[PDB]
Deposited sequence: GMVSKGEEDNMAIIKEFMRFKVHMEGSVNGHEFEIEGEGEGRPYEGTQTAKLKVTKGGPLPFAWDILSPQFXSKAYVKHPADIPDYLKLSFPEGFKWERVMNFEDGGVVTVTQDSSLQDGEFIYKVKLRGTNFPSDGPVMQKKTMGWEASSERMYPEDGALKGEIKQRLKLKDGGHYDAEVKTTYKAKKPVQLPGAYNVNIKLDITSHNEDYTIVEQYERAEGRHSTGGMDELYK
């Protein structure tokens, strides 16, 4: 057995945002064929963080996307070896987040390792001032290119004052060994922060994700 209908994961992230270094450790679980999962994350170094948790939340699992039977589930098929991904988020005010990630399978659990660098967030912007309140539901346009699977998202953060704050996100996903790529399709995603302590050093998340034909 490689992927069961219920799977746990462990995640470690090391990051820096506007020069502030930190580490996070977490554990999650979900139902990969149903497209649902949760995670509990803890800031283990560099806490409390001086910036919005919301820029980190999408970095903590695309093996848990429900796919129609006729769309190859490339990231599931990459196991047991797994896959890597690289992401750039370009925020409307010039902040940039670059992310690299490795996903593997060890003793029946997924293992995630994340490296993140954020730069150029304005000091009075909503990220450094912690003025965000969660992502709106996203649709990621997926397409094969250069032997990899790529995704593009127009992502939108809610602001506490009622406004919104946008980012353009591009990700490249690459299986460690060659497996069958899909055609172009969409992945619908909704990510929720379901609980947090006062300074966001312990945070719980829930995500639902489902692939659909364009």
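S.K.: Which ranges of the deposited chain go unmodelled, in order along the sequence?
M.R.: Since the structure holds only modelled residues, the stretches it omits are 1-11, 72, 227-235.
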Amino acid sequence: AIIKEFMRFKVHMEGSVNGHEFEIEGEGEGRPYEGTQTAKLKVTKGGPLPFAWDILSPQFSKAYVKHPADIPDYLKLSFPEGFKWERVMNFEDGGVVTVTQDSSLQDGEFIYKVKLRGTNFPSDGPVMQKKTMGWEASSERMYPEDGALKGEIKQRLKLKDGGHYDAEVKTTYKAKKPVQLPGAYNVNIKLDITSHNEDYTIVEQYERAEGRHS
From here on, numbers count along this sequence of modelled residues.
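S.K.: Would you mind comparing 166-174 and 64-72 for me and telling me which has the higher average C-alpha temperature factor in the entry?
M.R.: Stretch with the higher mean C-alpha B-factor: 64-72.
S.K.: Mean CA temperature factor from the deposited coordinates, higher in 138-146 or in 83-91?
M.R.: Averaging CA B-factors over each stretch, the winner is 138-146.
S.K.: From the list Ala184, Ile55, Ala39, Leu157, select the residue with the highest C-alpha B factor recorded in the entry.
M.R.: Out of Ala184, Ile55, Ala39, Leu157, the record gives the largest C-alpha B-factor to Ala184.
S.K.: Lowest, middle or highest third of the chain for the C-alpha temperature factor of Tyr206?
M.R.: It falls in the bottom third of the chain.
S.K.: Looking at the temperature factor on the CA atom of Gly28, which third of the chain's modelled residues does it land in?
M.R.: Ranked within chain, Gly28 CA B lands in the middle tercile.
S.K.: Among all modelled residues of this chain, ranked by Cα B factor, put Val43 in the bottom, middle or top third, i.e. lowest, middle or highest.
M.R.: Middle third, going by the recorded CA B-factors of the chain.
S.K.: Place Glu152 in the lowest, middle or highest third of its chain's C-alpha B-factors, as listed in the PDB entry.
M.R.: Its C-alpha B-factor belongs to the middle third of this chain's values.
S.K.: Compare the C-alpha B factor of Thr98 with those of the other modelled residues in its chain, then answer lowest, middle or highest third.
M.R.: Middle third.
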